[PDB]
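Student: Chains as they are written, first to last, in full-length UniProt numbering: chain A, 1596 to 1867; chain B, 1403 to 1546; chain C, 71 to 149; chain D, 1 to 323; chain E, 7 to 99; chain F, 21 to 141; chain G, 1161 to 1257; chain H, 1 to 57. Encoded as structure tokens, here's the structure I'll be asking about.
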Amino acid sequence: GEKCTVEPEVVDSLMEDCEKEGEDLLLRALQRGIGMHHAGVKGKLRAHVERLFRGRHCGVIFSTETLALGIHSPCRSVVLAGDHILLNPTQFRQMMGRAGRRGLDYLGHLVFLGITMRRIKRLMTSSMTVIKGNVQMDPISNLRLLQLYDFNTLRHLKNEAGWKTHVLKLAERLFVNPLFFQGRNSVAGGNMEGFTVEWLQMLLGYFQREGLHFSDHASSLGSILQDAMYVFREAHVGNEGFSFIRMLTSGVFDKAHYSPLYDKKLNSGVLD
Amino acid sequence: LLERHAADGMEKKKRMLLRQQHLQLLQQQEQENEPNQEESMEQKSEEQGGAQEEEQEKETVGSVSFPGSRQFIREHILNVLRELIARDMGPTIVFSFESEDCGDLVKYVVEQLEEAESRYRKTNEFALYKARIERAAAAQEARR
Amino acid sequence: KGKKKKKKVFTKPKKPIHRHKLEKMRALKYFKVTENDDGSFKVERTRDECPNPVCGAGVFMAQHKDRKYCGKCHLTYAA
Amino acid sequence: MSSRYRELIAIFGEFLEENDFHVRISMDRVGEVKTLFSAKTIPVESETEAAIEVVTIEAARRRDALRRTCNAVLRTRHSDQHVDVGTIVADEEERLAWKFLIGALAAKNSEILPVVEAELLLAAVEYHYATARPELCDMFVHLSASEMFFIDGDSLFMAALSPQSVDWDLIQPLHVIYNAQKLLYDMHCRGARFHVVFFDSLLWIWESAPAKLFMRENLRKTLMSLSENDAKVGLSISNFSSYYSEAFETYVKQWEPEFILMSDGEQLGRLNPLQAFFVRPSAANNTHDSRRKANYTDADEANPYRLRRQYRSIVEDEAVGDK
Amino acid sequence: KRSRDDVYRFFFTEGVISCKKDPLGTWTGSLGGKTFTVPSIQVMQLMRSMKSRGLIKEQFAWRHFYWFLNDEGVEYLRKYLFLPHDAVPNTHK
Amino acid sequence: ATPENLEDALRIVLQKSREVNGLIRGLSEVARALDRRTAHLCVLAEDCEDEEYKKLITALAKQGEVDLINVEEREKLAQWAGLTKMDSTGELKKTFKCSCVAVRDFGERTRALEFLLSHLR
Amino acid sequence: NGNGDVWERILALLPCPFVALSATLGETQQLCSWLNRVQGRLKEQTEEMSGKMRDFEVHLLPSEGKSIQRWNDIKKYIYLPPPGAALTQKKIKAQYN
Amino acid sequence: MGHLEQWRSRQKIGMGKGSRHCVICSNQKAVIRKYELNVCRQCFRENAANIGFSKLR
RNA sequence: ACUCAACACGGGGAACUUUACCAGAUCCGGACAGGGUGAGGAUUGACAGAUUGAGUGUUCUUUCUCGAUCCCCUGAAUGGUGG
């Protein structure tokens, strides 16, 4: 339209940059105050688009979710085409947080083109976004934790106990409850948890003795490797069977034993 | 009330419209398929079914109305857009999820616009347009 | 001189490209063999050759509903 | 590769006069046959669909589907002598078989109709089932598992009687229904459901089974939720009839919009008792609002299905459905 | 277009071939002494391909072409005609 | 003899025909040769399935008074005509399986052997 | 929509006084309880010295309650054409409507 | 036969001022010459003698 | 091409060709094969009928006839009185 702030030379330089990076004829489409943005547009040039459309040059711009999702954008009249490929309540709630410009207008609007008068209901109506968040307990985490504790344990004296103070505060702050949702109803609770010391033992005992946790030719490695299942031979006796700190504490002060070196090193460094 | 009356209105409209195109189709095909049976052999001037048909159904994008996705859509998306402009609610962002979608949309619109540029190379007003500018340029050149 | 770029009136059925129309195991469909009589195998043909020097070798004729034809010398013995 | 040719030649030349190699060879009537194929929405023609193809992830599919449909057809109409028997296909054959069909109808002057019709219909629904389209979701509790959601209980039962995928643990003397209790305690507990379960029963097209398995459970959950409340019994259940059969379930489906969870298949086929009358609802569903379908499953988080794509309305036939 | 073999036999025992640049057929030695006859375009195509493979050395003057064929050329040819050689220039002198 | 003498001598004389044009490779190409009786030394691989194929060959070969030899795989026969395209990696593009060679030329030591074998009339 | 696991690791561990950013949520307590718990465990591990002040977690609230978004008044409607239409009305006109 | 008989025909008849084409280049504009049956004026004669011509007068 | 150093000038007196320009149809003159094609292969040409301005296999129907470079897909090459 008539109203533009941006000087010509500005525009023309960006337009120039389009020619050279041409892909979908973003060239032509941008020259029509008509612009697209998504992941398949290169980072450089897509930024350039939004610099025009915050300056008032372009006049609609067609995008995918990512724009209003992670980026401030000036919008009034927002438009939506189908429910394809997947539209979710969460995403309707995203776009509905956008439209209308602060203190310039007090409207903004949506338009659903428009395949159903049914599905609009089933987005609008049903409210709730909640954190039903996930557990952090995993096998791999506990291997990482193992080799953390055993890092300064390798030759050192003062450094060991200093580090051991640190690892302490770490692994106590972690696996405290976590007491989420799905977990409470898995026969733990009500509503308590902890427990997880026993899990970490079962894991540990499996993990040192098996033969094919080393590797072609069999364990041993180190010479020890029993003392895992020694802590199972302590706790699981009476279950142990009720504490919150002291038994967690004991678990992490035991803690090598001898777990299998070359292989678990190569686990931790695939994940990094 | 009303909102769904129009919705289901235009949906049912489409479906029965489709059936009607299957009537025109059915009788078109009937002739195409060469039944030789009807032993009149040009002793009657009306053959290949009876009456009454002989209508013309509007084609716009293969039909007008149209359910679902990627045909309905783009045809109207230009006009959706354009009415937010003609209401003078200024700029707007259209959303479609990736990948082929957004490209079909954009492309199709560039097409339509380039189309309408061609129609105005039918050239009356545009003709006088060129006729002017040129004159001015020539005059300026001569003066310089 | 001068030039422009655009060609499209278009929007018809355009031509398909000609593409070979395959017959499979062509020899065995011509030469016919029999039940064995006297330990000797009798070979007959459903294809008879054209009598022109060019076709004088092994080169067979054709068979349509209303005509017979030779693809080698482009000839018709009409039926 | 003329063997195959002479075999298909044989069974043709037996069924009818020797050689359909001679006229008809083109046709004249080609629009008749080709109309009949695609009004049932099976893939015949492409050179332009919406527009010119990608030239093969597409046309390959279209081809193989086509000629295999034609095989199914041919493996029907070869009856009126003896039982159905198979057919072999590569390229050129397709045309051979195509001609065989033409001459059959052209000669016999509509002695064909119910067989090729019925077959091609049945076959079509089987294609439209499996064309169809797999996804791996996830998620289950988001989309899905708010609002009005249903699972019709035949499907419920067969989920409980499902396990191989671990042969079932706990030696009990055939009281098994702990399954049902468990599922209630899974997706009410950490799901919303507002849940409805139909027991549609009978469906079948039975017997062979003790068949105490349905009625016991039907009447069970009826009594539970109807008691009034008990803090275990809210799901809640209705009755009906008349099986499935539509011109009834309309009044329900409308008022209340809904999405749906249902089972065909494993294994245990059989043909008409299970696969038939389960498959045919899926087709029905897509003609409508559209309600979309899930399951079994292969679960906690989540399962299959299909989804958000175009449909052919009407296209129907149920005629087993013994009541 | 199987006058190929003939053309290649004109090459070997010469090392040189020449042809006009014309779209209407004519024999590309004007006499070979084996009295072959080939079109013009067909010839042109042959030597074009082998040029891109490095086997030819090309010269143009006026409305004509002069074709020389390398050491490399001799290799390719001997393998295609399945024949050894003492060498092309030694036989000629 | 040895089967060494058999197959390797065959392969040798075969090669000699490929490098010239006495050979006829194909289906209807071979067939029409025997029909007018221009063929000399014919050879066949049988490991096929398509019935008949085989019967046509042997039939017209005796009826035309044409020498015939029989060998096993239509695999090895292909690669002795040297049909196969092997690429940059020395690995397959297309790899031929091919049957029914005719030859219209003769060897010397391989021919000498072929007398001593006395394979067919 | 993740990968809600990696997050939890980084909300358990080490001096982060944190600010974090959300729109509306239908759940307050169950979440916040877990948070405030393992905040108090951070204090616990730092004890006996305590901190400059001790963990606590606040959870902005008091009375506005989702009239934050309100004043840009997002107005939701539908397109919905009549049974007919022409796509040929074409280019610049007075009124399109 | 078909297309081939209908392609490049009407000036392998040879007629008019078509199918000329100079010896020196191949250009057929600017007059091939018929004067003593030489050709040079399409590669210009200013560029090339070596025919024995010179301007003496 | 535009004062003298544009305007019977561009050897420019053009029926077709020449010829750039307009309406319509045809042909690869896309080298080089890394990627795909069994004996049929991938392939070439065509009488007759129809399409068509065209007793033009362009294309289709039909069948016959043939080098396997010809053929299919990206990269690249090429040609141009285009600037």
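Just so it is clear, CB atoms sit at the ideal spot from N, CA and C, and this is done for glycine as well.
Three-state secondary structure (DSSP) at D/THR48?
Tutor: Working through the fourth sequence from its first residue, we reach residue 48 of chain D at position 48. DSSP places D/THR48 in strand when its eight states are reduced to three.
Student: At the level of alpha carbons, what is the spacing between F/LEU54 and D/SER3?
Tutor: Here residue 54 of chain F refers to the residue found at position 34 when the sixth sequence is read from its first residue. Here residue 3 of chain D refers to the residue found at position 3 when the fourth sequence is read from its first residue. Approximately 23 Å, taken between the alpha carbons.
Student: For the segment 48-82 of chain E, which residues have a beta carbon sitting closer than 8 Å to at least one beta carbon of chain H?
Tutor: So the list reads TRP68, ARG69, given in the order they occur along the chain.
Student: Near A/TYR1744, which residues of its chain fall below 6 Å by C-beta distance, leaving aside the five closest residues on each side in sequence?
Tutor: Within the first sequence, the letter at position 149 stands for residue 1744 of chain A. Closer than 6 Å at Cβ, skipping near neighbours: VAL1762, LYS1850.
Student: Is the CB-CB distance between G/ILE1234 and A/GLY1703 below 7 Å?
Tutor: Position 74 of the seventh sequence holds residue 1234 of chain G. Position 108 of the first sequence holds residue 1703 of chain A. Yes; because the gap between Cβ atoms is below 7 Å, this pair is in contact.
Student: Between which two residues does the beta strand (DSSP E) holding residue 101 of chain E run?
Tutor: Lying outside 7 to 99, the shown extent of chain E, residue 101 of chain E is not represented and no answer is given.
Student: Any idea which residues DSSP pairs A/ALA1823 with across the strands?
Tutor: Along the first sequence, one-based indexing puts residue 1823 of chain A at 228. In DSSP, A/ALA1823 forms no bridge with anything.
Student: With C-beta atoms as the reference, is E/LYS26 less than 7 Å away from E/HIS91?
Tutor: Indexing the fifth sequence from 1 puts residue 26 of chain E at position 20. Indexing the fifth sequence from 1 puts residue 91 of chain E at position 85. No; because the gap between Cβ atoms is not below 7 Å, this pair is not in contact.
Student: Specify the secondary structure class of B/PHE1499 as computed by DSSP and reduced to three states.
Tutor: Translated into positions along the second sequence, residue 1499 of chain B becomes position 97. In this structure, B/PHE1499 counts as coil in the three-state DSSP scheme.
Student: Please confirm whether F/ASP125 has its beta-carbon closer than 7 Å to some beta-carbon of chain D.
Tutor: Looking up residue 125 of chain F in the sixth sequence gives position 105. No, its Cβ sits nowhere closer than 7 Å to a Cβ of chain D.
Student: Taking three-plus beta-carbon pairs below 8 Å as touching, is the segment 37-57 of chain D in contact with the segment 105-122 of chain D?
Tutor: Segments in contact, yes.
Student: Tell me whether C/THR146 sits in a helix, a strand or coil according to DSSP, three-state version.
Tutor: Against the third sequence, residue 146 of chain C aligns to sequence position 76. C/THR146 falls in the strand class under three-state DSSP.
Student: What are the residues of the segment 1644-1670 of chain A that lie near chain B, defined by any Cβ-Cβ distance shorter than 8 Å?
Tutor: Against chain B - using a Cβ distance shorter than 8 Å - the residues of the segment 1644-1670 of chain A are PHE1648, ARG1651, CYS1653, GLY1654, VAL1655, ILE1656, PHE1657, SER1658, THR1659, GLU1660, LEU1662, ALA1663, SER1668, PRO1669, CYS1670.
Student: Taking only beta-carbon atoms, is D/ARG312 less than 7 Å away from chain A?
Tutor: As a working note, residue 312 of chain D is residue 312 in the fourth sequence. No - not a single Cβ of chain A is within 7 Å of the one on D/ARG312.
Student: Since A/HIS1751 meets chain D, which of its residues come closer than 7 Å, beta carbon to beta carbon?
Tutor: Numbered from 1 along the first sequence, position 156 holds the residue referred to as residue 1751 of chain A. The contacting residues do not exist; A/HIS1751 stays about 45 Å from chain D at best.
Student: Determine the direct distance from the alpha carbon of D/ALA90 to that of E/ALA93, and round the result to whole angstroms.
Tutor: Along the fifth sequence, read from residue 1 onward, the residue named residue 93 of chain E stands at position 87. Along the fourth sequence, read from residue 1 onward, the residue named residue 90 of chain D stands at position 90. So the alpha carbons of these two residues sit roughly 54 Å apart.
Student: Going residue by residue through the segment 15-60 of chain E, where are the continuous beta strand (DSSP E) segments of at least 3 residues, counting only ones entirely within it?
Tutor: List check, beta strand (DSSP E) in window: 22-26.
Student: Taking beta-carbon pairs under 9 Å, can you tell me which members of the segment 1485-1497 of chain B lie near chain G?
Tutor: Of all residues in the segment 1485-1497 of chain B, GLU1485, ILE1487, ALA1488, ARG1489 have a Cβ within less than 9 Å of some Cβ in chain G.
Student: Is it true that the CB of F/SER37 sits closer than 7 Å to the CB of F/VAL123?
Tutor: Numbered from its first residue, the sixth sequence carries residue 123 of chain F at position 103. Numbered from its first residue, the sixth sequence carries residue 37 of chain F at position 17. Yes, the pair counts as a contact, with Cβ atoms nearer than the cut-off.
Student: Who are the neighbours of B/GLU1434 on chain D, taking C-beta pairs under 7 Å?
Tutor: Indexing the second sequence from 1 puts residue 1434 of chain B at position 32. The contacting residues are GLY31.
Student: Got a sec? Which residues, its chain only, sit under 6 Å from C/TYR147 by beta carbon, not counting five neighbours each side?
Tutor: In the third sequence, the residue the question calls residue 147 of chain C occupies position 77. The residues are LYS138.
Student: Along the segment 52-78 of chain F, where does the CB come closer than 9 Å to a CB of chain D? Name the residues.
Tutor: Answer in chain order: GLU69, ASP70, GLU71, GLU72, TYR73.
Student: Hey, is C/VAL124's beta-carbon within less than 7 Å of any beta-carbon in chain F?
Tutor: The sequence position of residue 124 of chain C within the third sequence is 54, counting from 1. No, because no Cβ of chain F sits closer than 7 Å to the Cβ of C/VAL124.
Student: Name, please, each residue of chain C whose Cβ falls closer than 8 Å to the Cβ of D/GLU49.
Tutor: Residue mapping note: residue 49 of chain D aligns to position 49 of the fourth sequence, counting from 1. Ordered by position in chain C, no residue passes the 8 Å Cβ test against D/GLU49, which lies about 15 Å from the chain.
Student: By how many angstroms is the C-alpha of A/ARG1779 removed from the C-alpha of D/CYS189?
Tutor: Mapped onto the fourth sequence, residue 189 of chain D falls at position 189. Mapped onto the first sequence, residue 1779 of chain A falls at position 184. The straight-line gap from Cα to Cα measures roughly 10 Å.
Student: Here's the rule I'm using: 16 or more other beta-carbon atoms within 10 Å means buried, otherwise exposed. How should A/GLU1604 be labelled?
Tutor: Stepping through the first sequence from its first residue, residue 1604 of chain A is reached at position 9. With fewer than 16 other Cβ atoms within 10 Å, it is exposed.
Student: How far does the alpha helix (DSSP H) with D/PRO304 in it extend, from its first residue to its last?
Tutor: In the fourth sequence, the residue the question calls residue 304 of chain D occupies position 304. That residue, D/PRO304, is in no alpha helix (DSSP H); its beta strand (DSSP E) goes 303-306.
Student: Under the DSSP definition of a beta bridge, which residues are partnered with H/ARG41?
Tutor: Against the eighth sequence, residue 41 of chain H aligns to sequence position 41. DSSP, once it has assigned bridges, lists no residue as partnering H/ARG41.
Student: According to DSSP, is F/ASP87 helix, strand or coil?
Tutor: Taking the sixth sequence and counting its residues from 1, the one referred to as residue 87 of chain F is at position 67. F/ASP87: strand per DSSP, three-state reduction.
Student: Which residues does DSSP pair with G/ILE1238 in a beta bridge?
Tutor: Along the seventh sequence, one-based indexing puts residue 1238 of chain G at 78. Looking at the DSSP assignment, G/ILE1238 forms a beta bridge with A/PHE1707.
Student: So D/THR41 contacts chain B; which residues on that side make the cut at Cβ distance below 9 Å?
Tutor: Locating residue 41 of chain D in the fourth sequence gives position 41, where the first residue counts as 1. Under the 9 Å cutoff, chain B gives no residues; its nearest Cβ is about 13 Å from D/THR41.
Student: Between E/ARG59 and F/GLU39, what straight-line distance do the alpha-carbon atoms span, to the nearest angstrom?
Tutor: To locate residue 59 of chain E, count along the fifth sequence from 1; it is residue 53. To locate residue 39 of chain F, count along the sixth sequence from 1; it is residue 19. Cα to Cα, the separation comes out at about 23 Å.
Student: Can you tell me whether DSSP reads D/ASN286 as helix, strand or coil?
Tutor: Counting from one through the fourth sequence, the residue named residue 286 of chain D turns up at place 286. Correct three-state label for D/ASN286: helix.
Student: If we call anything under 7 Å between Cβ atoms a contact, is G/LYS1250 one with B/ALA1518?
Tutor: Indexing the seventh sequence from 1 puts residue 1250 of chain G at position 90. Indexing the second sequence from 1 puts residue 1518 of chain B at position 116. Their beta carbons are under 7 Å apart, which means G/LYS1250 touches B/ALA1518 by this criterion.
Student: Could you give the first and the last residue of the continuous beta strand (DSSP E) run that contains A/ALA1676?
Tutor: Counting from 1 along the first sequence, the entry for residue 1676 of chain A is found at position 81. Where A/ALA1676 is concerned, the enclosing beta strand (DSSP E) stretches over 1674-1676.
Student: Pop quiz: D/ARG133 and D/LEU307 are said to be a contact at Cβ under 8 Å. What is the actual Cβ separation, rounded to whole angstroms?
Tutor: In the fourth sequence, counting from the first residue as 1, residue 133 of chain D sits at position 133. In the fourth sequence, counting from the first residue as 1, residue 307 of chain D sits at position 307. With a Cβ gap of about 7 Å, D/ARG133 and D/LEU307 count as contacting.
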